[PDB]
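Below is entry-v6.tsv, holding TSV, C-alpha atoms.
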chain	number	residue	atom	x	y	z
C	1	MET	CA	21.56	73.74	90.60
C	2	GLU	CA	25.31	73.98	91.14
C	3	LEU	CA	26.96	77.07	89.65
C	4	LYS	CA	30.65	76.42	88.87
C	5	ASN	CA	33.16	79.26	88.97
C	6	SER	CA	34.73	78.66	85.56
C	7	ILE	CA	33.65	77.58	82.08
C	8	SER	CA	36.44	74.99	82.28
C	9	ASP	CA	34.48	73.29	85.08
C	10	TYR	CA	31.53	72.74	82.73
C	11	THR	CA	31.12	69.96	80.20
C	12	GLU	CA	29.16	71.10	77.17
C	13	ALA	CA	26.17	69.02	78.36
C	14	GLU	CA	26.36	70.66	81.80
C	15	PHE	CA	26.33	74.16	80.31
C	16	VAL	CA	23.18	73.28	78.42
C	17	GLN	CA	21.55	72.37	81.77
C	18	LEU	CA	22.33	75.91	82.95
C	19	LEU	CA	20.70	77.35	79.83
C	20	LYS	CA	17.50	75.37	80.41
C	21	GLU	CA	17.53	76.53	84.06
C	22	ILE	CA	17.69	80.07	82.71
C	23	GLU	CA	14.89	79.26	80.23
C	24	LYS	CA	12.77	78.09	83.19
C	25	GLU	CA	13.28	81.29	85.26
C	26	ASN	CA	12.61	83.26	82.09
C	27	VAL	CA	8.97	82.20	82.33
C	28	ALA	CA	8.78	82.59	86.13
C	29	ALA	CA	6.49	85.23	87.67
C	30	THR	CA	9.47	87.46	88.52
C	31	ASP	CA	13.06	87.99	87.35
C	32	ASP	CA	14.75	87.91	90.77
C	33	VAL	CA	16.30	84.47	90.35
C	34	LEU	CA	16.73	84.91	86.58
C	35	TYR	CA	19.00	87.92	86.99
C	36	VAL	CA	21.28	85.98	89.34
C	37	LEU	CA	21.58	83.20	86.75
C	38	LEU	CA	22.19	85.70	83.93
C	39	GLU	CA	24.94	87.42	85.94
C	40	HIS	CA	26.66	84.06	86.38
C	41	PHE	CA	26.29	83.27	82.68
C	42	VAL	CA	27.91	86.60	81.84
C	43	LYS	CA	30.77	86.19	84.30
C	44	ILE	CA	31.86	82.70	83.21
C	45	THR	CA	31.47	83.08	79.43
C	46	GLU	CA	33.33	86.40	79.48
C	47	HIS	CA	31.73	87.11	76.10
C	48	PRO	CA	31.53	90.89	75.42
C	49	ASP	CA	27.91	90.77	74.31
C	50	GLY	CA	26.84	89.04	77.53
C	51	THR	CA	23.16	88.12	77.60
C	52	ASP	CA	22.79	89.04	73.93
C	53	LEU	CA	23.96	85.50	73.12
C	54	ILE	CA	20.73	84.35	74.76
C	55	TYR	CA	18.17	87.05	73.91
C	56	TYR	CA	19.69	88.38	70.65
C	57	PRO	CA	21.34	85.49	68.78
C	58	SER	CA	23.00	86.16	65.41
C	59	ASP	CA	21.16	84.98	62.30
C	60	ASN	CA	24.28	83.06	61.26
C	61	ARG	CA	23.57	80.51	64.01
C	62	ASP	CA	20.67	78.56	65.51
C	63	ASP	CA	18.73	80.22	68.31
C	64	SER	CA	18.92	77.21	70.64
C	65	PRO	CA	21.01	75.87	73.56
C	66	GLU	CA	23.26	74.09	71.08
C	67	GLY	CA	23.66	77.28	69.05
C	68	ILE	CA	24.65	79.22	72.17
C	69	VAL	CA	27.22	76.63	73.20
C	70	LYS	CA	28.63	76.61	69.65
C	71	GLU	CA	29.10	80.39	69.52
C	72	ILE	CA	30.76	80.39	72.96
C	73	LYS	CA	33.13	77.59	71.93
C	74	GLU	CA	34.18	79.46	68.77
C	75	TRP	CA	34.65	82.82	70.47
C	76	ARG	CA	36.69	81.43	73.37
C	77	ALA	CA	38.78	79.27	71.05
C	78	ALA	CA	39.50	82.19	68.70
C	79	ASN	CA	40.58	84.27	71.70
C	80	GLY	CA	42.81	81.57	73.16
C	81	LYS	CA	40.61	81.18	76.26
C	82	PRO	CA	40.12	77.81	78.00
C	83	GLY	CA	37.13	75.85	76.69
C	84	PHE	CA	34.47	73.52	78.11
C	85	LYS	CA	35.49	70.51	80.20
C	86	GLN	CA	36.17	67.52	77.94
C	87	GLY	CA	34.60	65.30	80.58
A	447	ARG	CA	-0.94	99.40	91.94
A	448	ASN	CA	-2.90	101.94	89.91
A	449	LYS	CA	-6.69	102.05	89.53
A	450	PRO	CA	-8.95	100.02	87.20
A	451	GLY	CA	-9.95	101.31	83.78
A	452	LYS	CA	-10.51	100.50	80.11
A	453	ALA	CA	-7.99	100.65	77.26
A	454	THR	CA	-8.47	103.19	74.47
A	455	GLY	CA	-6.50	104.48	71.51
A	456	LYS	CA	-5.44	103.34	68.05
A	457	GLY	CA	-1.65	103.21	68.10
A	458	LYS	CA	0.30	103.11	64.84
A	459	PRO	CA	1.38	100.74	62.05
A	460	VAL	CA	4.88	99.29	62.47
A	461	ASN	CA	7.49	97.60	60.28
A	462	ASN	CA	9.61	94.50	60.94
A	463	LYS	CA	11.92	96.51	63.20
A	464	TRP	CA	9.27	97.68	65.66
A	465	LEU	CA	11.52	98.41	68.63
A	466	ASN	CA	14.52	99.63	66.63
A	467	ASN	CA	13.59	103.14	67.76
A	468	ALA	CA	12.94	102.05	71.34
A	469	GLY	CA	14.07	104.75	73.73
A	470	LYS	CA	15.28	107.17	71.05
A	471	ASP	CA	12.90	110.14	70.91
A	472	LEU	CA	9.69	108.78	72.44
A	473	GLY	CA	10.55	105.18	71.64
A	474	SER	CA	8.29	102.83	69.73
A	475	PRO	CA	4.47	103.18	69.55
A	476	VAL	CA	1.72	100.73	70.38
A	477	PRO	CA	1.12	98.57	67.29
A	478	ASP	CA	-2.36	99.13	65.84
A	479	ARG	CA	-3.09	95.41	65.65
A	480	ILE	CA	-2.33	95.22	69.38
A	481	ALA	CA	-4.60	98.16	70.20
A	482	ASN	CA	-7.42	96.43	68.33
A	483	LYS	CA	-6.99	93.51	70.72
A	484	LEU	CA	-6.93	95.59	73.91
A	485	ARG	CA	-9.36	98.39	73.06
A	486	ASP	CA	-12.44	98.76	75.27
A	487	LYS	CA	-11.15	95.97	77.52
A	488	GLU	CA	-11.02	96.61	81.27
A	489	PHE	CA	-7.93	96.26	83.49
A	490	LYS	CA	-7.41	96.14	87.27
A	491	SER	CA	-4.28	98.27	86.95
A	492	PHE	CA	-1.51	99.38	84.61
A	493	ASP	CA	0.53	96.36	85.66
A	494	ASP	CA	-2.30	94.06	84.58
A	495	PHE	CA	-2.36	96.10	81.34
A	496	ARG	CA	1.38	95.66	80.80
A	497	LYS	CA	1.07	91.89	81.28
A	498	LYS	CA	-1.81	91.69	78.81
A	499	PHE	CA	0.12	93.93	76.39
A	500	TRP	CA	3.20	91.72	76.09
A	501	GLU	CA	1.02	88.59	75.91
A	502	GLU	CA	-0.73	90.04	72.84
A	503	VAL	CA	2.66	90.75	71.30
A	504	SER	CA	3.60	87.09	71.70
A	505	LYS	CA	0.43	86.03	69.88
A	506	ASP	CA	0.85	88.40	66.93
A	507	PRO	CA	2.72	86.46	64.19
A	508	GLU	CA	4.20	89.56	62.58
A	509	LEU	CA	5.52	90.83	65.90
A	510	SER	CA	6.74	87.71	67.72
A	511	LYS	CA	8.89	86.87	64.69
A	512	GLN	CA	10.90	90.00	65.56
A	513	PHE	CA	12.02	88.42	68.86
A	514	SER	CA	14.24	85.52	69.91
A	515	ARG	CA	12.78	82.36	71.44
A	516	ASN	CA	13.85	83.33	74.96
A	517	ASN	CA	12.21	86.75	74.57
A	518	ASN	CA	8.98	85.32	73.18
A	519	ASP	CA	8.75	83.03	76.23
A	520	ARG	CA	9.03	86.09	78.50
A	521	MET	CA	6.23	87.93	76.69
A	522	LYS	CA	4.01	84.83	76.71
A	523	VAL	CA	3.84	85.09	80.51
A	524	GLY	CA	3.29	88.84	80.53
A	525	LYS	CA	6.86	89.95	81.08
A	526	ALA	CA	8.64	92.53	78.96
A	527	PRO	CA	11.42	91.31	76.69
A	528	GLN	CA	15.04	91.81	77.71
A	529	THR	CA	16.84	94.58	75.83
A	530	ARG	CA	20.32	94.33	74.38
A	531	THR	CA	23.07	94.57	77.01
A	532	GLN	CA	24.09	98.03	75.75
A	533	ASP	CA	20.62	99.35	76.56
A	534	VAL	CA	20.43	98.07	80.13
A	535	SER	CA	20.51	100.30	83.22
A	536	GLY	CA	21.11	98.64	86.58
A	537	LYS	CA	18.42	96.18	87.67
A	538	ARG	CA	16.38	97.43	84.71
A	539	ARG	CA	17.29	95.26	81.73
A	540	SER	CA	13.95	94.97	79.91
A	541	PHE	CA	11.77	97.27	77.77
A	542	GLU	CA	9.59	99.63	79.80
A	543	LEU	CA	6.23	101.25	79.01
A	544	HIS	CA	6.40	105.06	79.24
A	545	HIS	CA	3.54	107.57	79.40
A	546	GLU	CA	4.15	110.56	77.11
A	547	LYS	CA	1.97	112.84	79.23
A	548	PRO	CA	2.73	111.74	82.83
A	549	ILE	CA	-0.13	110.57	85.04
A	550	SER	CA	0.68	113.65	87.12
A	551	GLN	CA	-0.55	116.18	84.56
A	552	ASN	CA	-3.84	115.36	82.83
A	553	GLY	CA	-3.24	111.62	82.76
A	554	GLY	CA	-3.85	109.00	80.10
A	555	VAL	CA	-3.18	105.74	81.97
A	556	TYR	CA	-4.76	103.19	79.63
A	557	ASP	CA	-4.64	105.45	76.58
A	558	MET	CA	-2.52	103.47	74.14
A	559	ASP	CA	-1.87	106.70	72.22
A	560	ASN	CA	-0.12	108.05	75.32
A	561	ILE	CA	1.91	104.86	75.79
A	562	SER	CA	5.20	103.85	74.16
A	563	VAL	CA	8.00	101.30	74.49
A	564	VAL	CA	11.42	102.60	75.51
A	565	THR	CA	14.76	101.19	76.69
A	566	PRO	CA	15.92	101.59	80.32
A	567	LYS	CA	18.73	103.92	79.25
A	568	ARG	CA	16.50	106.39	77.42
A	569	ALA	CA	13.69	105.90	79.93
A	570	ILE	CA	16.03	107.71	82.32
A	571	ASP	CA	17.54	110.04	79.73
A	572	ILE	CA	14.18	111.57	78.76
A	573	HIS	CA	13.76	112.38	82.45
Conversion result in structure tokens:
Amino acid sequence: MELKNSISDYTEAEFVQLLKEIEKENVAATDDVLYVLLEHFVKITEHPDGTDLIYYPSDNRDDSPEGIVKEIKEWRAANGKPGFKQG
Amino acid sequence: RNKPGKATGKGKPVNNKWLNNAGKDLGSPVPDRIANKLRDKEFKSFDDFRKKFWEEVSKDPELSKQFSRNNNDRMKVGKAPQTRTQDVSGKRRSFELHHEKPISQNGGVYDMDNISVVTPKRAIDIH
């Protein structure tokens, strides 16, 4: 797909499409492409726990694409960082 | 990669935090319920063994429940689960299978009692 440079370039729905793309490579024969997608996820979210949001979700939230997006929204908002594109 | 052979061993009973000790010391052992599923079975190589190992983990109700959905999906196709970020080391970001007594000396390739699960960080540390 198309990897944007900033989280602000992504609508919430668009970010979910990236998560499913990652979920697809997760079950691929190798991790070559997966690691590239995970690096991008880490760079744009800027979240300190990086891929843990995907592979080690907190029990206080749903382990799903929607749960991931929710945690990202709350962390970035609490830290005064720009959020997802309203579009 | 390696040579064919049959799996042997018994492993050990584990709690609901199976890989909590991953890496530390010798890491986590092969669950006994998993050994019972792989014992006596033949494998084309250790890689084929590793793929069959994680697949069995995904089918064991008491073990898969200890992993996230994304990690269970990885194991279902024979891949090792991703470790927490803090346990990653370079391109190596998933749990690795380590032989206590290296293939070099003596051996014990498919011996589940000589196999354990460790993190990338400690996998290097121990060496």
Quick one: contact table of chain C to chain A, 9 Å max, nearest atom pair and distance in Å to one decimal per residue, counting only C-alpha atoms, chain and number order, as CSV?
residue,atom,partner,partner_atom,distance
C:23,CA,A:516,CA,6.7
C:26,CA,A:520,CA,5.8
C:27,CA,A:520,CA,5.5
C:28,CA,A:523,CA,7.9
C:29,CA,A:523,CA,7.6
C:30,CA,A:525,CA,8.3
C:35,CA,A:537,CA,8.3
C:49,CA,A:531,CA,6.7
C:50,CA,A:531,CA,6.7
C:51,CA,A:531,CA,6.5
C:52,CA,A:530,CA,5.9
C:54,CA,A:516,CA,7.0
C:55,CA,A:516,CA,5.8
C:56,CA,A:514,CA,6.2
C:57,CA,A:514,CA,7.2
C:63,CA,A:515,CA,7.1
C:64,CA,A:515,CA,8.1
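The environment of range 6-12 of chain C within 6 Å, counting all atoms listed in the file and disregarding residues fewer than 4 places along the same chain, consists of residues 44, 83, 84, 85 and 87 of chain C.
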- Close residues, residue 565 in chain A itself excluded, 12 Å, only C-alpha atoms, min 2 positions apart in chain, as a PyMOL selection string: chain A and resi 465-474+526-535+538-544+562-563+567-572
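Picture a line from CA of residue 506 in chain A to CA of residue 478 in chain A; it runs 11.3 Å.
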- Query: When you draw a straight line from CA of residue 25 in chain C to CA of residue 1 in chain C, how long is it in Å?
  - Reply: 12.4 Å
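The shortest atom-to-atom distance to residue 76 in chain C, with all atoms listed in the file taken into account, belongs to C:46 out of C:2, C:46, C:62, C:21.
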- Message: Env of residue 40 in chain C: 9 Å cut, atoms = all atoms listed in the file, seq-sep filter 5 positions within chain, self excluded. Answer as a PyMOL selection string.
- Response: chain C and resi 3-5+35+45
May I have the residues from that selection written out with C-alpha atoms, as a PDB file, in the coordinates of the input?
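What landed in part.pdb:
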ATOM      1  CA  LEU C   3      26.960  77.070  89.650  1.00  0.00           C
ATOM      2  CA  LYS C   4      30.650  76.420  88.870  1.00  0.00           C
ATOM      3  CA  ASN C   5      33.160  79.260  88.970  1.00  0.00           C
ATOM      4  CA  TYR C  35      19.000  87.920  86.990  1.00  0.00           C
ATOM      5  CA  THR C  45      31.470  83.080  79.430  1.00  0.00           C
TER       6      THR C  45
END
- Message: Report, in Å with one decimal, the straight-line distance from CA of residue 447 in chain A to CA of residue 493 in chain A.
- Response: 7.1 Å
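Using all atoms listed in the file, the contacts of residue 37 in chain C at a cut-off of 10 Å, with sequence neighbours closer than 3 positions omitted, comprise residues 3, 18, 19, 21, 22, 25, 31, 32, 33, 34, 40, 41, 42 and 43 of chain C.
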Just-selected residues, C-alpha atoms written as a compact mmCIF listing (two decimals), in the frame of the given file:
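Wrote result.txt, looks like this:
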# COMPACT_ATOMS: atom_id res chain seq x y z
CA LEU C 3 26.96 77.07 89.65
CA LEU C 18 22.33 75.91 82.95
CA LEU C 19 20.70 77.35 79.83
CA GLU C 21 17.53 76.53 84.06
CA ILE C 22 17.69 80.07 82.71
CA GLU C 25 13.28 81.29 85.26
CA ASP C 31 13.06 87.99 87.35
CA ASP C 32 14.75 87.91 90.77
CA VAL C 33 16.30 84.47 90.35
CA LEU C 34 16.73 84.91 86.58
CA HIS C 40 26.66 84.06 86.38
CA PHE C 41 26.29 83.27 82.68
CA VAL C 42 27.91 86.60 81.84
CA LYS C 43 30.77 86.19 84.30
